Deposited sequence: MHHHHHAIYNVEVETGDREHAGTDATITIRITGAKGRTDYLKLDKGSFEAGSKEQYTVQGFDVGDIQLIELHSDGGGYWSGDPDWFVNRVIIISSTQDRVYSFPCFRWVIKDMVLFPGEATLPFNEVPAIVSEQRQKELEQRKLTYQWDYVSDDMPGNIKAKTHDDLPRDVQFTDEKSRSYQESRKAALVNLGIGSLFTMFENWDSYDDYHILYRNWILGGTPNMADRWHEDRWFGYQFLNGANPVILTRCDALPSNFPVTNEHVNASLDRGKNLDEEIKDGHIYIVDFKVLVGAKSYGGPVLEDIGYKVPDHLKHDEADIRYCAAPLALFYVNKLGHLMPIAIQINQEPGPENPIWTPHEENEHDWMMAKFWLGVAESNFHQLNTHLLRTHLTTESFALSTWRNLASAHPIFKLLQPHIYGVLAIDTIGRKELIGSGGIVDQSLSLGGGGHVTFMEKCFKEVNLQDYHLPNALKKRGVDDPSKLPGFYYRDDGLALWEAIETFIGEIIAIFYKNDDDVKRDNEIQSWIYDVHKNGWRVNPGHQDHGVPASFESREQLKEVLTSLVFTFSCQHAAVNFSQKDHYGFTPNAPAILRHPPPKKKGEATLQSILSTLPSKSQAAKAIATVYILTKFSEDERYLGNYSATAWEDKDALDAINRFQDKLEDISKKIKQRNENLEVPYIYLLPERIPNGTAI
């Protein structure tokens, strides 16, 4: 016989423990034991429990099987979250370590030692079980679709229909649910307080964030009205993704030197500043055709509980102090007397302010639906699903992606009801709410390309990556630093397990992984551009590029466009998401009163703040970038790669803080200690 010393580490998360009867069957080269009881004592969350069991000497241990009887009559939560099992056999000179970090329901098969690619040499029984795991994954994790024009999502009616491995932790479920309750209370209390207020000032909106715990007054609250800070936010606000270098005015945006001459201040005319790379532009043309709440359909000319959006163009200028200044706005796409060019030098100041608000409403709806919901959450969710469908838990790239894919399946399943469903949050707080929001995301998705998720390439393509021409762009600076740190780390992980490109080509799981997304995830359906998802991987560098794009997006990109929302939307006039009247068809009409009647109502503004409160709440159990304390790595070289990655992030963090000390408005959304590994809220 053999004596087996068995140590089981139960995860610390809530309900990780169990009182089910647990047995373990040990398999090795010489045969296998029966199921042996692990009976003495409890399995509480966070516990490390030891057992001594005796049975057939299996020789070199090759795998183990945990079995749970699923509890008895009085068992409240039999499911068991196991970090790892450690076994020592009295006949083997070796310590066997079996990482898990998954929920144990009834049966769990675990392998000892380092991650492997499917063709790496292992006992036949290990390969069989690996294949069986993947077959089961295909049954549990299934594609579903909002429509032909949306990226694939996980099939699940509600959150609690999800496999437990991809549900929120109970801590995050509580963080979320309590945040919704608090929101309701703060809205109710605020509603009582402001119930009979005469709203006749921009500064009335300040009251709406006062009784909220937001981590501080929105940092734009005292400066939203200043052109410099309005411009600033196209670099450092919630939507830093659409500004591009302007190398020629669009034909439908006939800005002349005469329009903007009073704004230039380096001694040169508009044409020269364009050539010098100091002129930038945003074009919201994708919003043409958008259907907003109550019926309005946006046209190239503008328009012919009723809400409105716009598809503006706006021109910006990097002045001699390095400030990005708004110098011209055209509210909709087709130029003319009824859709003129507005500038800071409007004779009627209220007309310039109103133009900025129209630009704001377009940005808000673009940001929330395209930049945030579609291009982080819904599109990366396809990759998270494919990870579970196609990569075995023993696969090194499963281990890599596990901390980064956490959350997105859970929050998106919750969101398909609560956020974009009928009567949902969007219906209440965005101009495009009421149904047009889904059509808009569909429209945006048809243009989505995986190459968009490559930060250096995208910044280059936009012409915004030259700090000498475009200074004070901290999303860029911090994002590029983080990108390089993630890319370097991922490259080192790949080199440990993939020794050459042939190793990549032969890995049927990673091949199945990217193919599943290519064919069933980001489907190139009628009317779609190519989505840039490869059908296969041919090299280590190509694998690195996709994984970096993905991990950066799950963590950093989502953080930059989500946790920035309190500063951005907290003071509503800084970024309205609803407007209540159509755009003007001539100059001279705007007054403070007509503007206030056009801006969101008290209740619409309050709801936007409530939503922002919920979407930006960090959970008490959040794990931030590079915190891999709950990962399943065993390989010493992999642990070393992780050490180097974490030390690099620490250096990046110090540099960002030092940078921030000299800024009027610190840029903090890309501090590693504030970036969740995943997209979970």
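Residues of the deposited sequence with no modelled C-alpha atom fall in the ranges 1 to 5, 310 to 319.
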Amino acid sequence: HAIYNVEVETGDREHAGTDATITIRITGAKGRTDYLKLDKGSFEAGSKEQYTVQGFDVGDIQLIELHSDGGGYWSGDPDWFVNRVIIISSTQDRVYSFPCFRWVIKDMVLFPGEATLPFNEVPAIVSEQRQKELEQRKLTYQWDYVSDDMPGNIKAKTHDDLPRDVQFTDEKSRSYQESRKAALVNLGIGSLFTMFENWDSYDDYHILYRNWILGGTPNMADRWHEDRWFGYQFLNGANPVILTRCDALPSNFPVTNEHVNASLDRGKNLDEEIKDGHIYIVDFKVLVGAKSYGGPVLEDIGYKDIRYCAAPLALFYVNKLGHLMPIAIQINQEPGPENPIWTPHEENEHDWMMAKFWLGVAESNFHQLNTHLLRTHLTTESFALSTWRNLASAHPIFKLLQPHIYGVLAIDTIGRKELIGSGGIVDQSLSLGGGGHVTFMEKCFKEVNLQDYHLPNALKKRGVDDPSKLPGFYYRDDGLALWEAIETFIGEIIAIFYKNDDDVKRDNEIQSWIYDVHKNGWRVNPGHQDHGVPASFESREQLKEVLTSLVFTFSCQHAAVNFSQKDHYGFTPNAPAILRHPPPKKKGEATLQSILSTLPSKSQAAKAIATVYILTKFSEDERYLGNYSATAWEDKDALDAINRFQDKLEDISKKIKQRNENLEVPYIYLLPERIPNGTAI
From here on, numbers count along this sequence of modelled residues.
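The stretch with the higher mean CA B factor, choosing between 187 to 195 and 550 to 558, is 187 to 195. The question of which stretch, 325 to 333 or 580 to 588, has the higher mean Cα B factor is settled in favour of 580 to 588.
Highest C-alpha temperature factor among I397, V464, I609, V297 per the entry: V297.
Going by the entry's values, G415 shows the largest Cα B-factor out of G231, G415, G407, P403. Ranked by C-alpha B-factor against the other modelled residues of its chain, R307 falls in the middle third.
Among the modelled residues of the chain, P526 sits in the highest third by CA temperature factor in this PDB entry.
Per-chain ranking of the deposited C-alpha B factor places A221 in the highest third. For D247, the recorded CA B-factor ranks within the lowest third of the chain. Only modelled residues enter the ranking.
Ranked by Cα temperature factor within the chain, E9 sits in the middle third according to the deposited record.
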